[PDB]
Structure formats: structure tokens, C-alpha cells
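S.K.:
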RNA sequence: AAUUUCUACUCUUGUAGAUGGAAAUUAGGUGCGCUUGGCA
DNA sequence: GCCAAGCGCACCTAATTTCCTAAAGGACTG
DNA sequence: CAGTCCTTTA
Ligand code: NA
């Protein structure tokens, strides 16, 4: 029998804590004298300079290995097809194995174990890959297999006797060449990223060529016109064998540029690619265009190779290199425009247009729509005015063919200025005159305005952009005129225009060159890693490593301290601190005794020793180890062969038992290995004294992971011993010990409130109850940072005299300027009405914005592990949760939904579907986070347009979501409920933050001993790995599809069954109305009733029969109803593209226009069909579509309600405008309600099942039939 | 309007909630400029 | 003005991998 | 030569 408090201590969770370090005594002084911080940055900067140089070895070697790859991808394609064909778990595992096989085939080119290459070439790669992740990179040996310059050689020697600084970097480069299913790797990018894209490209290609064969020669011309793949036809680049030549970045770039085309410098025609050719063919809007548009018509570009440098054949602008370079160069080009008098020449040309012949001044067709939008009401007016005047001068019977010829002519021909004026009216000339002088005056007012001295201030950046906008505005104006000699251009005008047009041409690149520099991020100060010339600083906390790592911890009178022991005179000298009797003044110094993962440390210290492996290469006799063993440990060939099988799975692993299938052999090898580890642990110096009597006999462990999950907690112990006070002050004065105080806001002197959750982890780690039984472990590989300084009366409360209501942001800064007596104008009306109810604080001490960044500070990052008694990973976590849910049928459900007018909307229901609580999370704690987020995004968009600093919105999102995470888990724990989400910005981040919080949930008000306390965290969600590897369920979290959660009637489950893309023409609309049985007027109730059988109109439905065989759709009588607050609204009102529609009144109007008698309950449909009015039937169909549109919304009105078109078995038509709290209050509440109900389906189907496995996915038909069977 | 850091704060030289760091890679987005076209 | 398919640039955002180590191994020093 | 200490490991 399970309980809710049983979901604790199920798997380990690792977190990192951050603190500030406060130097003590002479600590800060000795560091400045030894130059540690100075050389820590220099070594940091040498790393950043050397990293790209070292990457040349990886990039070159990886690129060289990928050039010889030749594989047959036919098997991989068949596994992809079979998984898309049948969605069974057998085809998934077949594809996963097939991908792993191909990843290893690529990996064998790196390590040199592929049968495709000869032994001489195959062995040469192994000699490189061996020393590819250690100090052999710096020998130049690997580069000798593939010449260093003096500065590079000087950079290599900067890490002499210090190559451990690249320790984590070595792991990042193993992630590049790894064969595992990790996205950081090259084999994964080839097999699972680019090939499915390339395989899809081949299918898109052949489908287009078969339907439109003319597209074949057209694609071939694009390939020949660019010059890519000259030795390969267009059909072969869309065949599988060519993908072997698409494994390097240069080939991937050429492949992507065949799809995307090539751009020259700005302002010139671009080389089109395959996707642009298809896009233009569709925009012709002919019969062929509709066929191409029906098929897939966009090839997918391949992803880049890992670590590779992207190449492009397009033009890259020259980058301005300094601040004054843009001022000196622009002012030089700016002062050149005065001497040439290009403004006076331009002002004279546009003044010529008042008297010269305008029938020879031509406007470009590529600019006609832009000019129409800049001088007239819309882009349409000019093209339409020319259309009407040209139709006005056609000859004879103006057919519709002659009109289409006039339309097509206006798309691709230059119009003379006279025909535009004669067709648009005199008001265009006034618009042309006003716009021309407006642009000319701004350019004239900008050439004489001097540039600033520097670009330091934003006000100086603005005037540079303002003058460039005026220059680009004149450059834009000149491009209005046609340049092609196909038109009869004026002799003098075309020569003078082309002259000043080419003299304004460099201004376009100056705009882009200036923006590419002025919008660059300013230099900011960043924290950097400290080492104190110790390559393994704070690597581990063990007592055997205190001299090597030079880091220990103290706790004195509730305060925590970090001690650093630097090298004295370039030599290590472990200043042995002497434990002393208690009560003597000093610090409780921690003694950290730890033996790491036994799965690797025991083989490392015994069975994998070089002497053991070498001995068993020749001899079969046992070998006895004596070094670091209190008694000799025996290694037999039977034991050595178990951990060195030469078969991929070791015989004591579950993989061997699951692959082979012999339980007699598996349980024998498992028992013989556990007995060997017990023999090791009893004799090894680090573990011989550890009492392991709690471990059960070896033959009782079912698998090895279960044994290691019980052994590792016994290999870690922490204890404290008092140290002499006088001994540390000596070690601090001499400089042999640097002492800091591990500090945060909860250790300030004035601190008196609740602690931060991270500090409860910290104090709980060192609580005496945790030292006896370890729940939280202190982990190694900590880091120290040093970030320099970054930045450089009366105060006002944000809330009123009552603490609940806040001052609006528009009135806060105005009141703060007033109480400080620095407001330079009259105080506004409402701000003066809020004056008496305002709370003012007197500045008793300076409170400085961003105080941490104004001074230099040290920082300390240390990782910990919670739930240390549990295993590293859980086993059957979802099945453990589902076992609880079957024993707790009344577990409520919390449905979280992403709304259209709400960031997050939640709805809590009980086990039977009744709503218990519904709320929008746009605002929480009386703060509108939606408006703040939306106003922040507007500011960031305007910042990019104004070349200002953009800023950060991710810090505002996390702060909002944290308040959301707090509110959701409270509802989760109070209700012991299940959270349901949508299956796929603000919502994606909320999902991860919710899983992480429930992976290791600690409530700061619970006592440490209780479930939920710091020593017994809650674990409600499955262990997070990645989003791709996650399924439908993660513990108490569930994911359901979003379709049919909003536009669904919460009283019946009804949805709109028809797809309106198929009801397109008159004959289809007539057959659609013939599928309905009757439509008549109810005299008593006053509304219309439309009866529809679900088995009719099958060609117009979405294929979802649901559960009801028929439905009574009603045209609700447009009465005036009132909600629970007395606010009026019209029943049946619909909002369509917006306008308000009243269908029942619009229907009565239609029937009276046709004289159709309906007040006798007569069936109306046969009368409309027999009369066969084209306009009346199309209106009748539109009315039905409006009635079936439940979700009616208009942003300006604030409306977003659900109004059901069907009446339930209880005679009610649901309308969220009644504001009944028992039911959804709007459309977003209706989504969250039905999301929780989709999760209820999963829990309802779990109890009827005999297994503990949830059903994967919810089909729309199973959901509609389920929810309709319930409500009817 | 102070913070390991973030958000919201101020009866309190601080309060409430949250907080996996670092390294590495990749993908996407926003804005601007430009090219060819579409806007029934 | 909007939109489509692209290209160049500026910066912002997030997903996914690794480690969270004492001790063996061995190159260098005195 | 063996101690020291950075490098590399399971
Ligand atoms: Na607090």
C-alpha cells in the first residue's frame, strides 16, 4: 500500500551552489604581492588565444577522415521508412540500433578500425587519435603527422607543466568524435541530423520532377549557372551515393548554396537557388503553380559540421575597425558631397519635372508599389488607377481577357510619370512635391550638420544614424526611376540622374558598414578562473589531496570558511594542521574521507593495473598485490577476464543477461565479481576500516547496479576536528594559507528572515543529522572566480500606504522626483491625489543600484548531491507513480495551458471532472508580468531599430516563471495532484523549470526530518535527461495533445466536425446542405434547430465521428442575458472577420428576403435548395459556419468566450459569458479545463488496465469519443 | 531600493520566492540592409 | 504597407553533452 | 635514484 510521502530518495540530484568569498586578514595583501590574480587572467587569455589554434588539429584531422567515408545508406533509409510506416516499438529499436551501427562506421574512420581502409592508413589514424586528447597535442607530433609559428610556440609553452588546464576541454573534444547518441558529435550529425534531411530532399526532388518534368532541366540550369558540382548531374546529387560527398563543411556549404543561392554586394541582383526558383514558379499563379504548390516545394538545408568553419561564396562587407574610422571616412565622403554639389544637382533635377515632358520620365515597376504606399492611401491605389485608365482606352468589346492583359502588363513594365499623374489626379503631384522636398531638406540639413567627436554616448550614435537615414532616403528616392535603356529616357535627365545616382551609391554600403559597428556589444568585464599556480585547485576535498588540491573548509561559530594553500617558493609543503581539544579557540576543520565510484575505482586500483594486465598477457598463474593493501589481494585470470572480456558486454552486466539469456551464467559472474570487490574493499588502505556489514550476501544481489547503489553511500564520510586559532592566524600572516568566508545574504549581520533554498542545502549538508546519515554530499571540482568592478536624499515605496496596491509606473517616477524636490514642472492631478496615501523612507544609509558590480569580489562555486542514499538513476519511476495513482483514484488534476491572451492559465479539477479552481497567471502578487514582459519586448525591438543597447529579457522571464513554479507546486502538494501540460517560449521554459523543481523538491518551512525537508526532498518527476529522450509521462507530470482542447464544448464535448477547405464552390455548398436532415424554427423557445447525423457529409468532415450519432445545432435566439455580475450580452453572438454577427437574426432576415415561410416549424433546407439561389445558399452556409464557431474573440473588446452551438441533454447552451465559476470563464480556461481532462483520460484508462504502463499518446477520435460518452 | 545570481520588494544596514555550475558545441529567434517576385 | 524564397550583418536565447575524483602513471627535478 | 608533482585513468 503506497503513500504520497513515499516519493522520496529515489535518485541522486546534483546542484551547484554559489557564494561570495570575503578575504580575511592579510589574505588579500599576499595575493597582490604574489601576482596570482594578474597571472590568472594572463593564463586565461592565453587559453582563449590558443584554443582556436589547437582546434586546427581537430578540424583538419576530422575533415581528412570524413573525406574517405564511403557507405551504403540504403539500410538506414529502410529503417527510417519502416518506423514512419509502422509506429511500433519494434521498428523504433530497429532504427536506434541501425543508427548506432552507422555512427560506429563513421567512428571507425577516426579511430582506425574500418575494413574500408588498408592497415597502413588504418593504423596511422590510431597513432593520432590516441594522443588526440592529452599532452601529445602540444608536442607538435600530431601536427607533424599533418608547422608552428614563433608566437604559437610561445603560446604552447605558456602551459608548460600546466596542460591540466585543458582538462574539461579534453572532454568537450571527446564529445565531438564520440560514437554515442549525443548531439555534440560528428557521427550523430551525419547519421541522425543531415541524412534524414538529405533523404527527404531526394524524395521532394523526384516527386516534383515526376509531376512537372520541365522542372528537371530548370534545376539543372541553376546548378550549371552557379558552378557547384560540375562533375555531378542534378539527379545524382539527389541520390544516396552523393551523400558520402556531403560530409565536410565545404561540401555542405556548397550544397546549401545550391539551395539558397549566392548574393553579391548589396544593391545588385542575386543568384537564385533551387528554393527561390520553386518560390517564383508558385507565385506565377498559373495551372502549373497550383500543382507545384500542392507538393512539397522547399528543399531542406543541411546542418553544419561540428567545429567546422562556415564558408560562403557571397559577398562579405569590409568591417570598420575603430570608432573614429567611421567618423573620418564618413565625414570624408560627406564633405565630398558638398564639393560635387550633388544636393544642388538633385534639387535641380526634381525641379525640372515641373516643366519638362513627363511622358519620357519613367518609374520602375519594381518601385511602383513602394511609391504608392509612400504617397497614397495604400500600395493598391497607383496600380489600380493605372488599370482603370488603361481599361478606359481599350478598343471594342472589352472582354475579360483584355482586362487580364492590362493586369499582366502593369506587373512588368515601366510607367512614364505622365500616365501616373493623368490616372491618379493632381493630389499625387502634391504628394510627389512634398515627399521630394521633405527628403531633399533632410539630406540638405544633414550634410551641413557636423558629426560628433566620438561614438561613446548613445546621443552621438543617434545623430550618426539620423544623417545616414537622410542619405539613404535620398538614395532610395533616386532608385524610383527606371534605369534600363528599354524606355525612351530623356537625354539630359537620364545622364544627370545616373551621375548623381552613382555618386550616392557608396552611401548604401556606408549605412551597413556603420550599423555593423555601432550596434556591436560594448566591452564588459567577465569573471575568470583562479588557480594560484595549482592545476588541480579545489579538484577534490579528500585528506590525501589537501596538499595537491590546496583547498579545505572550516566552520567557526556558524560561519563557513574556505582555505587555500598556495605553493611556497615553488614547492608544495602540506602545513599539517594539528587537531586539538575542544573549546580551544579555532575553527572546526572538516576532514573529508571519500572513495569515488567503486565501479571504476576498484578496477583502477587493482584489476586494471599495468602490472596486472602485463602479467596476464603471458602467464595464467594468480598475481598478488601488496602496495596499498593491508593484506595481499589476489587477482586470478578468472577475475581479470571478467572485467576484460574482449566481448562488448561484461558477463556480470544486465546487458549480457538480456542479450544472451543464460541466467545461470549471469548470476555466477555477478556473484564472483561482488565477492572480489568485497575482498578488495577489506584490504585497500582507503576502505579496509570501513564497516560494510550492512551489505547483504553477494548471491542475493540481482544486478550490479543495485549493489553499487548500496555500496557507494558507505564510501563517503565527513567529520570535523577543532584546530588551533593561533595556528591559522600564523598561516594567514605568513601567506601559507589564504582564508575566505563563504558568504551570502543569509550570513549578513542584520539577517533575520528565512534563508535562501541553496543555503538550507548548505547548512543541512553540515547539520549533525546529515553527518551521521548522509543525505547531501559535498562534491569536488569546485571553482573560484574573480570578477572586477563593472559599474559606477529620499526614497519612495512602490506600494501605497496599504501594502497591497502599487503605484503605477507612470506615476511612480513622477512622485519620486517630487518628494526629492527635483521635479521641474507642476505635479499631475492623480499623482497629487495619491500624495497623502504614499509611504516615504528617509535615507539612513546609502542603497546603491548594482552594488556588487561596483567593487572587486571573489566567488565560490561548489557542487553538491542530494538524495545520496539513492541510486544514480531511478528504475521504473513512472510505474512507481502509476502504482500510486491506481491506489488513489481521487487524485485531482492541475491542467496548465498556454493561452492566447494569457501567458499561463491553470485549471484544477478533481478526479471526476468538477472544476475546483481556475486562474490566469498573467499577474501574481499584484504585479502584471504580462504587460511588463510585453513592454520589455517592445523596448528591445525599438532598441535594435535605434542602434541602442538591446538588453535582456531572459532574466525577467525566469523571475516570472519562478513565481509561477512556486504557485504550481503549492497547488500540487496541497492537492497531492497530477500536473498535465501540452505536448509540443515562455511555455517551453516553464516546462523545464517545473520538471527540475520536482526532480528534487525542498520546502524551506518543512523540518529536515519530514518528507519535503532538506534531508528528505520530494521527487515527483522522472530524472531529467533531455527533451528528445522524454516521453508522454514524467512522474506526476503528463503531456497531452493540444488539438480539440479550446474549440470544444465543455457541456457536451462537441466540436466543429466539418473542414471548410472542402466546402469551396456552389455545388459543394449545395451537397453540404443536403447532408442535414432538417432546419426549422422553434416557436416556443424562439431559436432555430439544425439536425445533423454524423454519418452524413462524410466528404466534408475531418474523419472524427466522436460518440454521438447526431447533433441538434441551434441558432440561439439573440436575447440579452446577464452574467453572475449583471453585465449584459447577446445570446448566440458571433465574432467573425472584425465584425459582430448575430446568426439567428441574420437568418430571419435572409428568409424574409426570400419570402420563405418558417414560423410554422417547416423544414427550410428543401425550400432553399429547390429555389436554388446562389447568393442565399452561400449565406446560409456561412451562417452555419458562424454558429459552429464557439471560440469568439476580439482583442479590442477584450472578448474571448466559448459559446456552444449544440444543446446538451439538460437543455443548456454553454456560454462562458454567464461567468459561472463551476465552468470555464473564457476560452483559455476552456483549454486548461480540457487539458486536465485529457490527463483524466490517461488516469481513467490506467485503472481499467492490468499493467502499470500508461498509454502513449491520445488520438483525437479516442479523446472525442471518451469526452462525449461522459457528458451524454 | 541593497542580493552567489535573478525577479518582485522595503515595519527590518535587509524582506519573499526561485536558482546546475563550468566548459564546449549546435540550433533557432529578433532587428536592419539588400535581391527577385506575390498581394486575388 | 504586407508577405514568400533567399543573402549579409548586429546581438539574444536555449538545447545538449561532459565533469563534479582519489589514485595510478610517469615525466621532471636536485 | 627517489622524491615530487603534473598528467591520466577506471
Ligand atoms: Na530570505
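In the authors' numbering, the protein residues as written are 1 to 146, 150 to 795, 804 to 995, 1010 to 1162, 1173 to 1307. Just so you know, even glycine gets a beta-carbon here, dropped at the ideal spot from N, CA and C.
(1) For the candidate residues 591, 126, 693, 778, whose alpha-carbon lies nearest to that of residue 1027?
(2) State buried or exposed for residue 81, treating a residue as buried only when at least 16 other CB atoms are found within 10 Å of its CB.
(3) Using beta-carbon positions only, say whether residue 535 and residue 36 come within less than 8 Å of one another.
(4) Here's a check: name, in chain order, each residue in its chain whose Cβ is nearer than 6 Å to the Cβ of residue 887, leaving out the five neighbours to either side.
(5) Need the endpoints of the beta strand (DSSP E) that residue 1229 sits in, please.
(6) List the residues that DSSP assigns as beta-bridge partners of residue 365.
(7) Tell me the rounded alpha-carbon separation between residue 244 and residue 768.
(8) If you drop the 5 nearest sequence neighbours on each side, which residues of the same chain put their C-beta closer than 6 Å to that of residue 146?
(9) Using CA coordinates, which residue listed in 162, 195, 155, 133 is at the minimum distance from residue 171?
(10) Count the other CB atoms within 10 Å of the CB of residue 1; is the residue buried (16 or more) or exposed (fewer)?
(11) Give the C-beta separation of residue 98 and residue 75 to the nearest angstrom, bearing in mind that I take them to be a contact with Cβ-Cβ under 8 Å.
(12) Round the Cβ separation of residue 1087 and residue 1125 to the nearest angstrom and send it over; I've been treating them as touching at under 8 Å.
(13) Distance check for residue 901 and residue 1251, CA to CA, integer angstroms please.
(14) Just the C-alpha distance for residue 371 and residue 64, rounded to the nearest angstrom, thanks.
(15) May I ask whether a heavy atom of the ligand NA can be found less than 7 Å away from the beta carbon of residue 276?
(16) Check each candidate in 845, 361, 569, 530 and name the one with the smallest Cα separation from residue 492.
(17) In three-state DSSP terms, what is residue 241?
(18) Between which two residues does the beta strand (DSSP E) holding residue 591 run?
(19) Can you round the beta-carbon distance between residue 147 and residue 935 to whole angstroms, since I take them to be within the 8 Å contact cut?
(20) Write down the C-beta distance between residue 1171 and residue 1065 rounded to the nearest angstrom, noting that I regard them as a contact closer than 8 Å.
(21) Determine the contact status of residue 58 and residue 878, defining contact as a CB-CB distance below 8 Å.
(22) Note the first and the last residue of the continuous beta strand (DSSP E) segment covering residue 562.
(23) Can you give the beta carbon distance from residue 563 to residue 745, rounded, assuming they're within the 8 Å contact cut?
(24) Quick check on the DSSP output: the alpha helix (DSSP H) that includes residue 81 runs from which residue to which?
(25) Would a C-beta distance cut-off of 8 Å place residue 126 and residue 140 closer than the cut-off?
(26) Based on the DSSP output, what are the partners of residue 23 in its beta bridges?
(27) Report back the beta-carbon spacing between residue 520 and residue 323 to the nearest angstrom; my notes put them in contact at under 8 Å.
(28) Indicate whether the contact test is met: 3 or more Cβ pairs, each with one atom in the segment 718-729 and one in the segment 591-608, closer than 8 Å.
(29) Taking only three categories from DSSP, how would you classify residue 913?
(30) Just to confirm the assignment: which complete beta strand (DSSP E) runs, minimum length 3, are found wholly within the segment 868-904?
(31) Taking the CB atoms as reference points, tell me whether residue 875 and residue 780 lie closer together than 8 Å.
(32) CB-CB under 6 Å to residue 365, same chain, minus the five flanking residues each way: which ones, in chain order?
(33) Here's a check: name, in chain order, each residue in its chain whose Cβ is nearer than 7 Å to the Cβ of residue 657, leaving out the five neighbours to either side.
(34) Quick one: what's got a C-beta closer than 7 Å to residue 352's C-beta in the same chain, skipping five residues either side?
(35) From the DSSP output, read off the bridge partner residues of residue 956.
(36) Any idea what DSSP makes of residue 934, helix, strand or coil?
M.R.: Walking through what the data contain:
(1) 778
(2) exposed
(3) Contact flag set, yes.
(4) none
(5) Run containing residue 1229: 1226-1229, per the beta strand (DSSP E) assignment.
(6) 419
(7) About 59 Å.
(8) 60, listed in sequence order.
(9) 133
(10) exposed
(11) 6 Å
(12) 5 Å
(13) 27 Å
(14) 53 Å
(15) no
(16) 361
(17) coil
(18) 591-597
(19) Here the chain breaks off after 146 and picks up again at 150, leaving residue 147 without coordinates.
(20) Because residue 1171 lies between 1162 and 1173, and the chain jumps straight from the first to the second, it has no atoms in this structure.
(21) At least 8 Å separates the beta-carbon of residue 58 from that of residue 878.
(22) 562-567
(23) 4 Å
(24) 74-85
(25) It is not a contact, given that the beta carbons lie outside the stated cut-off.
(26) Its beta-bridge partners are 743.
(27) 5 Å
(28) yes
(29) coil
(30) 868-877
(31) yes
(32) 417, 419, 485, 490
(33) Counting only Cβ-Cβ distances below 7 Å, and skipping sequence neighbours, we find 706.
(34) Contacts found: 496, 499, 500.
(35) Beta bridge pairing from DSSP links residue 956 with no other residue.
(36) strand
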